[PDB]
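Quick notes on the structure that follows.
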Amino acid sequence: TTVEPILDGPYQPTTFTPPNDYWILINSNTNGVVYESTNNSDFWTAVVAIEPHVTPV
Amino acid sequence: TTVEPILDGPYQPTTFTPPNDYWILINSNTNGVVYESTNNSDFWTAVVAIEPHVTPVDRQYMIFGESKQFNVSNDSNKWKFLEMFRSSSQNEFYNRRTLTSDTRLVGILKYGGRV
Amino acid sequence: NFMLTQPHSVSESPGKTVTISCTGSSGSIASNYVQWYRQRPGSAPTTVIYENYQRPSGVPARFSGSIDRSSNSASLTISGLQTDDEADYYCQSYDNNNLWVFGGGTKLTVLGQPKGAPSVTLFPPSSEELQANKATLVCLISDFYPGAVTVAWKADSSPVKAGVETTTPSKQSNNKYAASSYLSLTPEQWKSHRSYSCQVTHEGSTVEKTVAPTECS
Amino acid sequence: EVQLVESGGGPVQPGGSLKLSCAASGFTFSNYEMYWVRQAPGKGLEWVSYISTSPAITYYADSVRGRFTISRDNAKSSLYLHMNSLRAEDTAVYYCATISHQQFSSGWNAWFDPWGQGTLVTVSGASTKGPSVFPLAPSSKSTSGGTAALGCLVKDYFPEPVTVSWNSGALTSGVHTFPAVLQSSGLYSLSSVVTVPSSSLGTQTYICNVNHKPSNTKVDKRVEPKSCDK
């Protein structure tokens, strides 16, 4: 009898289209951009993670 | 009884320092740069793969972050893998030749203090 | 959108390298992927290239493709042209919104033999058809190589859109190509104008024939 | 292997109605889109319909508004098109398919060549009609190099095929008989031409024998040449 892994594994920084009904959780390794979503039609979103206590730049 | 996998796995395009006594083989998925090596001290190297029957053109590549330029060309019906070489930060881009094939593969290794 | 213009025919001598392009009028082919489609008249077509150069398994290494960014085009190179390179080769990709953008049907017919200029014949209305109330004109085009030709009909000062149909060039038993163009006119239309002409373009050079009204039917 | 099956082909009355079906077997067909494209002579294949994971959102092409309609069944794993009452241009082979672009890594090919064979659908209705044979007369304007061309135009006949002969089958050489094409008006037209020596036009008579089997009709017409010489 086999058990599930405690979490589904730290996958790698790829580009793709995740199907629906699935949380995608991400942890950051570098600074700056972590991810971006879009549809190339009417939606373009990105994020940037910034270290605490940074000046407006 | 557990059997070894036939291949070690199609791993992902990451950066690291592979130890010695190990061939690293790479198959290309896109055009342009496939891989680059460097000690960042006295040895920098990269490659670019180009589709067969491409005219002599100067092209731009996001190499080393700061995008650089160099010439490329290929007429033979096989893919062309042009290496670029540098022995110093203050130097020119010694465009070195080569690896031509249709397998669409490249291979590097460390041994005897030699790449 | 950006339409994907094609060379509506092209050829070389089989046995060597050839290239066929597919150029987007506006936009950028570098925006997204492009895929190529070989086709036979017989049963159904097959794909030849996808993702702009990803060769598919099973299909030989004789094919390949690349992208010209500056000129806004994709292109394919074919080496070792087999006897069954005779086909059609469509190209298509996506648009600013994902529906698709397509290219014209690129008729690839590759062959060799000595060159032959076309014979053009223009026939005026027959007596029976005129009695029939049919002015129809016929322009017959024969014995030309390579297999592509263009036909245009003219009313001297007026543009003529209506009533033109042209067949795809066909190989006869002699291994030369033939085609026919017919212009369906009314007797009033025939009487109304000074003359009608048939213009045939082959290998970038144009030949013309003209007909005028006559007393007999 | 992956299999696309389809059905619904045959003659279609313009102003009529029928149904077209395209089911799929070898893949999921829930995370894919599906379209339709009509293929024909050199106008070329073009987009028709668009369904992608049922957002209650779809799209239609230019010549299909209203009179087409689409349906996507995940359960049956098929596309169902209900078709009514369109222009004769719909004579074509309809194709169902979807190209999938998602970055599968190496080690296994998840790639299709995604094309069903398609289904043929012709717009016709073609009650029986006997053919009309029109002369394509030779003349001084039409002659060059010691050869003269003449012919017969077989027009307005239904259904296929027709057999055209010259000199009761004796003269095979130098004949060009076109297959036959369907015009927008809904009638069929073809031409048959022959090449002959310029000297014989005074001495000899040329008769074309047109046979149309469904109507069981045979007609032979003699073309005499006219006196306007070179």
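Ordered as shown in the structure tokens, chains take letters A, B, and onward, while each chain numbers its residues from 1 and ligands are numbered from 1 in the order shown.
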
Pull the strand (DSSP E or B) assignments for chain A out of DSSP run on the backbone, and list those residues as a list in words.
residues 32, 33, 34, 35, 36, 37, 38, 44, 45, 46, 47, 48 and 49 of chain A

For the residues selected in the previous step, produce a file with N, CA and C atoms as a PDB file, in the first residue's frame.
```
ATOM      1  N   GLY A  32      12.484  40.293  -7.448  1.00  0.00           N
ATOM      2  CA  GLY A  32      11.838  40.890  -8.604  1.00  0.00           C
ATOM      3  C   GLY A  32      10.624  40.100  -9.040  1.00  0.00           C
ATOM      4  N   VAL A  33      10.533  39.839 -10.342  1.00  0.00           N
ATOM      5  CA  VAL A  33       9.375  39.153 -10.896  1.00  0.00           C
ATOM      6  C   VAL A  33       9.350  37.716 -10.399  1.00  0.00           C
ATOM      7  N   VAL A  34       8.183  37.278  -9.938  1.00  0.00           N
ATOM      8  CA  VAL A  34       7.947  35.886  -9.575  1.00  0.00           C
ATOM      9  C   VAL A  34       7.208  35.152 -10.681  1.00  0.00           C
ATOM     10  N   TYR A  35       6.133  35.745 -11.186  1.00  0.00           N
ATOM     11  CA  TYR A  35       5.337  35.104 -12.219  1.00  0.00           C
ATOM     12  C   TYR A  35       4.572  36.163 -12.989  1.00  0.00           C
ATOM     13  N   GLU A  36       4.033  35.737 -14.130  1.00  0.00           N
ATOM     14  CA  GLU A  36       3.043  36.549 -14.816  1.00  0.00           C
ATOM     15  C   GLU A  36       2.019  35.664 -15.506  1.00  0.00           C
ATOM     16  N   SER A  37       0.768  36.104 -15.428  1.00  0.00           N
ATOM     17  CA  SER A  37      -0.359  35.539 -16.146  1.00  0.00           C
ATOM     18  C   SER A  37      -0.739  36.472 -17.286  1.00  0.00           C
ATOM     19  N   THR A  38      -1.458  35.926 -18.254  1.00  0.00           N
ATOM     20  CA  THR A  38      -2.043  36.749 -19.306  1.00  0.00           C
ATOM     21  C   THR A  38      -2.969  35.872 -20.130  1.00  0.00           C
ATOM     22  N   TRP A  44      -3.243  41.121 -19.065  1.00  0.00           N
ATOM     23  CA  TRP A  44      -1.803  40.975 -18.874  1.00  0.00           C
ATOM     24  C   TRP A  44      -1.500  41.360 -17.434  1.00  0.00           C
ATOM     25  N   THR A  45      -1.134  40.386 -16.605  1.00  0.00           N
ATOM     26  CA  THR A  45      -0.846  40.630 -15.203  1.00  0.00           C
ATOM     27  C   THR A  45       0.488  39.998 -14.850  1.00  0.00           C
ATOM     28  N   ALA A  46       1.225  40.662 -13.968  1.00  0.00           N
ATOM     29  CA  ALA A  46       2.477  40.128 -13.455  1.00  0.00           C
ATOM     30  C   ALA A  46       2.580  40.497 -11.988  1.00  0.00           C
ATOM     31  N   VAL A  47       3.551  39.907 -11.292  1.00  0.00           N
ATOM     32  CA  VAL A  47       3.840  40.333  -9.929  1.00  0.00           C
ATOM     33  C   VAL A  47       5.334  40.569  -9.792  1.00  0.00           C
ATOM     34  N   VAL A  48       5.684  41.343  -8.774  1.00  0.00           N
ATOM     35  CA  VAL A  48       7.064  41.510  -8.349  1.00  0.00           C
ATOM     36  C   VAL A  48       7.100  41.407  -6.835  1.00  0.00           C
ATOM     37  N   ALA A  49       7.996  40.569  -6.327  1.00  0.00           N
ATOM     38  CA  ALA A  49       8.227  40.429  -4.899  1.00  0.00           C
ATOM     39  C   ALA A  49       9.429  41.278  -4.518  1.00  0.00           C
TER      40      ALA A  49
END
```

All residues 10 Å or closer to residue 70 in chain D, only C-alpha atoms, same chain fewer than 3 positions away omitted, as a PyMOL selection string:
chain D and resi 20+35-36+48-51+58-60+79-83

Write out, as a tab-separated table (two decimals), in the first residue's frame, the residues just selected, with N, CA, C and O atoms.
```tsv
chain	number	residue	atom	x	y	z
D	20	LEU	N	-24.26	17.39	-39.59
D	20	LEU	CA	-22.89	16.92	-39.74
D	20	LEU	C	-22.33	16.53	-38.38
D	20	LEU	O	-22.53	17.26	-37.40
D	35	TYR	N	-12.86	23.39	-33.89
D	35	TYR	CA	-13.19	24.34	-34.94
D	35	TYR	C	-13.80	23.58	-36.10
D	35	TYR	O	-14.07	22.38	-36.00
D	36	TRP	N	-14.06	24.28	-37.20
D	36	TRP	CA	-14.43	23.64	-38.44
D	36	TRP	C	-13.82	24.45	-39.57
D	36	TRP	O	-13.70	25.67	-39.48
D	48	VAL	N	-14.18	28.56	-39.40
D	48	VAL	CA	-15.64	28.59	-39.41
D	48	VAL	C	-16.19	28.85	-38.01
D	48	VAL	O	-16.89	29.84	-37.78
D	49	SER	N	-15.88	27.96	-37.07
D	49	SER	CA	-16.45	27.99	-35.73
D	49	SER	C	-15.37	27.84	-34.68
D	49	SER	O	-14.23	27.45	-34.96
D	50	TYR	N	-15.75	28.15	-33.44
D	50	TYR	CA	-14.82	28.21	-32.32
D	50	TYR	C	-15.55	27.82	-31.05
D	50	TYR	O	-16.50	28.49	-30.65
D	51	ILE	N	-15.10	26.74	-30.42
D	51	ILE	CA	-15.55	26.35	-29.09
D	51	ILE	C	-14.32	25.96	-28.29
D	51	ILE	O	-13.46	25.23	-28.81
D	58	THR	N	-18.54	31.70	-27.97
D	58	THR	CA	-18.17	31.07	-29.23
D	58	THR	C	-17.98	32.16	-30.27
D	58	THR	O	-18.23	33.34	-30.01
D	59	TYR	N	-17.53	31.77	-31.46
D	59	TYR	CA	-17.35	32.70	-32.57
D	59	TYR	C	-17.76	32.01	-33.87
D	59	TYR	O	-17.77	30.78	-33.97
D	60	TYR	N	-18.09	32.83	-34.87
D	60	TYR	CA	-18.52	32.36	-36.18
D	60	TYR	C	-17.80	33.14	-37.27
D	60	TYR	O	-17.42	34.30	-37.08
D	79	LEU	N	-18.30	16.86	-31.99
D	79	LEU	CA	-18.85	18.12	-32.47
D	79	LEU	C	-20.00	17.82	-33.41
D	79	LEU	O	-19.88	16.99	-34.33
D	80	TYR	N	-21.12	18.51	-33.19
D	80	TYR	CA	-22.37	18.30	-33.91
D	80	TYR	C	-22.77	19.64	-34.52
D	80	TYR	O	-23.03	20.60	-33.79
D	81	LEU	N	-22.81	19.71	-35.85
D	81	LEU	CA	-23.17	20.92	-36.57
D	81	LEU	C	-24.50	20.72	-37.27
D	81	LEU	O	-24.65	19.78	-38.06
D	82	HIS	N	-25.45	21.61	-37.01
D	82	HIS	CA	-26.72	21.59	-37.73
D	82	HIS	C	-26.66	22.67	-38.80
D	82	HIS	O	-26.32	23.83	-38.51
D	83	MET	N	-26.97	22.29	-40.04
D	83	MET	CA	-26.70	23.08	-41.23
D	83	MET	C	-28.01	23.32	-41.96
D	83	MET	O	-28.76	22.36	-42.20
```

Starting from chain B, keep only residues with some atom at most 9 Å from an atom of chain C, counting only C-alpha atoms, and report them as a list in words.
residues 29, 30, 51, 52, 53, 54, 77 and 102 of chain B

Would you list the contacts of residue 187 in chain D as a PyMOL selection string, taking every protein, DNA or RNA residue within 10 Å and counting only C-alpha atoms, but skipping same-chain residues closer than 2 positions in sequence?
chain D and resi 124+126+129+155-158+181-185+189

What does the file look like for those residues with N, CA, C and O atoms, as an mmCIF file, in the first residue's frame?
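Below you can see selection35.cif, which holds the result:
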```
data_model
loop_
_atom_site.group_PDB
_atom_site.id
_atom_site.type_symbol
_atom_site.label_atom_id
_atom_site.label_comp_id
_atom_site.auth_asym_id
_atom_site.auth_seq_id
_atom_site.Cartn_x
_atom_site.Cartn_y
_atom_site.Cartn_z
ATOM 1 N N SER D 124 -26.363 21.083 -54.417
ATOM 2 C CA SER D 124 -26.855 20.677 -55.724
ATOM 3 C C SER D 124 -28.368 20.516 -55.593
ATOM 4 O O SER D 124 -28.982 21.084 -54.683
ATOM 5 N N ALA D 126 -30.261 19.806 -58.900
ATOM 6 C CA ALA D 126 -30.010 19.091 -60.152
ATOM 7 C C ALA D 126 -31.134 18.148 -60.560
ATOM 8 O O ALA D 126 -30.911 16.937 -60.666
ATOM 9 N N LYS D 129 -31.832 17.374 -66.712
ATOM 10 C CA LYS D 129 -31.843 18.377 -67.772
ATOM 11 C C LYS D 129 -30.963 17.867 -68.900
ATOM 12 O O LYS D 129 -29.852 17.394 -68.641
ATOM 13 N N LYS D 155 -23.108 22.177 -71.983
ATOM 14 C CA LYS D 155 -23.617 23.035 -70.923
ATOM 15 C C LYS D 155 -24.986 22.567 -70.452
ATOM 16 O O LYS D 155 -25.728 21.908 -71.182
ATOM 17 N N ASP D 156 -25.308 22.929 -69.214
ATOM 18 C CA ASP D 156 -26.618 22.679 -68.612
ATOM 19 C C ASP D 156 -27.072 21.219 -68.714
ATOM 20 O O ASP D 156 -28.061 20.894 -69.374
ATOM 21 N N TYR D 157 -26.325 20.331 -68.057
ATOM 22 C CA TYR D 157 -26.720 18.932 -67.957
ATOM 23 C C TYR D 157 -26.657 18.500 -66.500
ATOM 24 O O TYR D 157 -25.933 19.085 -65.690
ATOM 25 N N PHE D 158 -27.413 17.444 -66.179
ATOM 26 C CA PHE D 158 -27.442 16.889 -64.833
ATOM 27 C C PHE D 158 -27.877 15.442 -64.957
ATOM 28 O O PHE D 158 -28.783 15.161 -65.754
ATOM 29 N N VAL D 181 -17.072 21.739 -64.507
ATOM 30 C CA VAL D 181 -17.100 22.571 -63.312
ATOM 31 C C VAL D 181 -18.514 23.068 -63.040
ATOM 32 O O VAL D 181 -19.312 23.259 -63.964
ATOM 33 N N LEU D 182 -18.824 23.270 -61.761
ATOM 34 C CA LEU D 182 -20.122 23.769 -61.324
ATOM 35 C C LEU D 182 -20.016 25.279 -61.116
ATOM 36 O O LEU D 182 -19.179 25.731 -60.327
ATOM 37 N N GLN D 183 -20.845 26.056 -61.809
ATOM 38 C CA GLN D 183 -20.778 27.508 -61.676
ATOM 39 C C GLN D 183 -21.650 27.958 -60.501
ATOM 40 O O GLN D 183 -22.369 27.164 -59.892
ATOM 41 N N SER D 184 -21.592 29.259 -60.186
ATOM 42 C CA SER D 184 -22.388 29.765 -59.070
ATOM 43 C C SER D 184 -23.870 29.698 -59.407
ATOM 44 O O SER D 184 -24.712 29.603 -58.507
ATOM 45 N N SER D 185 -24.202 29.771 -60.694
ATOM 46 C CA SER D 185 -25.576 29.731 -61.167
ATOM 47 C C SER D 185 -26.200 28.359 -60.940
ATOM 48 O O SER D 185 -27.423 28.225 -61.048
ATOM 49 N N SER D 189 -20.643 23.140 -66.767
ATOM 50 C CA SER D 189 -20.126 23.511 -68.076
ATOM 51 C C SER D 189 -18.796 22.846 -68.380
ATOM 52 O O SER D 189 -17.930 22.759 -67.505
#
```

Can you tell me how far CA of residue 211 in chain C sits from CA of residue 122 in chain C, in Å to one decimal?
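One can read the CA of residue 211 in chain C to CA of residue 122 in chain C distance as 7.6 Å.
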
Extract, using only C-alpha atoms, all DNA, RNA and protein residues at most 12 Å from residue 45 in chain C, discarding same-chain residues fewer than 4 positions from it, and format them as a PyMOL selection string.
(chain C and resi 36-41+87-90) or (chain D and resi 39+45+93+95+97+113-118)

Which residues are near residue 15 in chain D? Cut-off 10 Å, only C-alpha atoms, ignore same chain within fewer than 5 positions. Put them as a ChimeraX atom specification.
/D:67,84-88,123

Pick out the closest residue to chain D from this set: A:18, A:56, A:5, A:10. Count only C-alpha atoms.
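Using only C-alpha atoms, chain D sits closest to A:18.
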
Spatial neighbours of residue 131 in chain C, 12 Å, only C-alpha atoms, chain gap at least 5 places, as a PDB file with C-alpha atoms, in the first residue's frame:
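Written out: part.pdb:
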```
ATOM      1  CA  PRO C 125     -20.095  33.866 -79.784  1.00  0.00           C
ATOM      2  CA  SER C 126     -21.441  31.080 -81.949  1.00  0.00           C
ATOM      3  CA  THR C 136     -20.485  33.682 -73.952  1.00  0.00           C
ATOM      4  CA  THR C 186     -25.627  38.460 -72.393  1.00  0.00           C
ATOM      5  CA  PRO C 187     -26.416  39.641 -75.949  1.00  0.00           C
ATOM      6  CA  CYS C 216     -22.951  37.816 -88.727  1.00  0.00           C
ATOM      7  CA  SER C 217     -24.018  35.715 -85.764  1.00  0.00           C
TER       8      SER C 217
ATOM      9  CA  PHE D 134     -22.742  25.133 -78.383  1.00  0.00           C
TER      10      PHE D 134
END
```

With a cut-off of 10 Å and counting only C-alpha atoms, select all residues of chain C in contact with chain A and give the selection as a PyMOL selection string.
chain C and resi 95-98

Show me a table, sorted first by chain and then by increasing residue number, of the residues of chain C having an atom at most 9 Å from chain D, each with its shortest atom pair and the distance in Å to one decimal, counting only C-alpha atoms and written as JSON lines.
```
{"residue": "C:33", "atom": "CA", "partner": "D:101", "partner_atom": "CA", "distance": 8.6}
{"residue": "C:43", "atom": "CA", "partner": "D:117", "partner_atom": "CA", "distance": 7.4}
{"residue": "C:44", "atom": "CA", "partner": "D:117", "partner_atom": "CA", "distance": 5.8}
{"residue": "C:45", "atom": "CA", "partner": "D:115", "partner_atom": "CA", "distance": 7.9}
{"residue": "C:46", "atom": "CA", "partner": "D:113", "partner_atom": "CA", "distance": 6.7}
{"residue": "C:47", "atom": "CA", "partner": "D:113", "partner_atom": "CA", "distance": 5.8}
{"residue": "C:48", "atom": "CA", "partner": "D:113", "partner_atom": "CA", "distance": 8.6}
{"residue": "C:51", "atom": "CA", "partner": "D:101", "partner_atom": "CA", "distance": 8.1}
{"residue": "C:56", "atom": "CA", "partner": "D:111", "partner_atom": "CA", "distance": 8.3}
{"residue": "C:57", "atom": "CA", "partner": "D:109", "partner_atom": "CA", "distance": 8.7}
{"residue": "C:90", "atom": "CA", "partner": "D:44", "partner_atom": "CA", "distance": 8.5}
{"residue": "C:99", "atom": "CA", "partner": "D:50", "partner_atom": "CA", "distance": 7.4}
{"residue": "C:100", "atom": "CA", "partner": "D:47", "partner_atom": "CA", "distance": 7.0}
{"residue": "C:101", "atom": "CA", "partner": "D:47", "partner_atom": "CA", "distance": 8.4}
{"residue": "C:102", "atom": "CA", "partner": "D:46", "partner_atom": "CA", "distance": 6.9}
{"residue": "C:103", "atom": "CA", "partner": "D:44", "partner_atom": "CA", "distance": 8.0}
{"residue": "C:104", "atom": "CA", "partner": "D:44", "partner_atom": "CA", "distance": 6.0}
{"residue": "C:105", "atom": "CA", "partner": "D:44", "partner_atom": "CA", "distance": 5.6}
{"residue": "C:106", "atom": "CA", "partner": "D:42", "partner_atom": "CA", "distance": 8.7}
{"residue": "C:107", "atom": "CA", "partner": "D:42", "partner_atom": "CA", "distance": 8.7}
{"residue": "C:120", "atom": "CA", "partner": "D:142", "partner_atom": "CA", "distance": 8.6}
{"residue": "C:121", "atom": "CA", "partner": "D:142", "partner_atom": "CA", "distance": 5.6}
{"residue": "C:122", "atom": "CA", "partner": "D:142", "partner_atom": "CA", "distance": 6.6}
{"residue": "C:123", "atom": "CA", "partner": "D:136", "partner_atom": "CA", "distance": 6.2}
{"residue": "C:124", "atom": "CA", "partner": "D:136", "partner_atom": "CA", "distance": 7.7}
{"residue": "C:125", "atom": "CA", "partner": "D:136", "partner_atom": "CA", "distance": 7.6}
{"residue": "C:126", "atom": "CA", "partner": "D:135", "partner_atom": "CA", "distance": 5.8}
{"residue": "C:127", "atom": "CA", "partner": "D:135", "partner_atom": "CA", "distance": 8.1}
{"residue": "C:128", "atom": "CA", "partner": "D:134", "partner_atom": "CA", "distance": 6.7}
{"residue": "C:129", "atom": "CA", "partner": "D:134", "partner_atom": "CA", "distance": 6.1}
{"residue": "C:137", "atom": "CA", "partner": "D:136", "partner_atom": "CA", "distance": 8.9}
{"residue": "C:138", "atom": "CA", "partner": "D:136", "partner_atom": "CA", "distance": 7.7}
{"residue": "C:140", "atom": "CA", "partner": "D:193", "partner_atom": "CA", "distance": 8.7}
{"residue": "C:165", "atom": "CA", "partner": "D:183", "partner_atom": "CA", "distance": 7.8}
{"residue": "C:167", "atom": "CA", "partner": "D:181", "partner_atom": "CA", "distance": 8.0}
{"residue": "C:168", "atom": "CA", "partner": "D:41", "partner_atom": "CA", "distance": 8.2}
{"residue": "C:170", "atom": "CA", "partner": "D:178", "partner_atom": "CA", "distance": 8.9}
{"residue": "C:172", "atom": "CA", "partner": "D:176", "partner_atom": "CA", "distance": 7.7}
{"residue": "C:178", "atom": "CA", "partner": "D:176", "partner_atom": "CA", "distance": 7.7}
{"residue": "C:179", "atom": "CA", "partner": "D:178", "partner_atom": "CA", "distance": 7.8}
{"residue": "C:180", "atom": "CA", "partner": "D:191", "partner_atom": "CA", "distance": 7.8}
{"residue": "C:211", "atom": "CA", "partner": "D:141", "partner_atom": "CA", "distance": 8.8}
```

Would you kindly report the residues of chain B within 10 Å of chain D, using only C-alpha atoms, as a ChimeraX atom specification?
/B:7,9-12,27-29
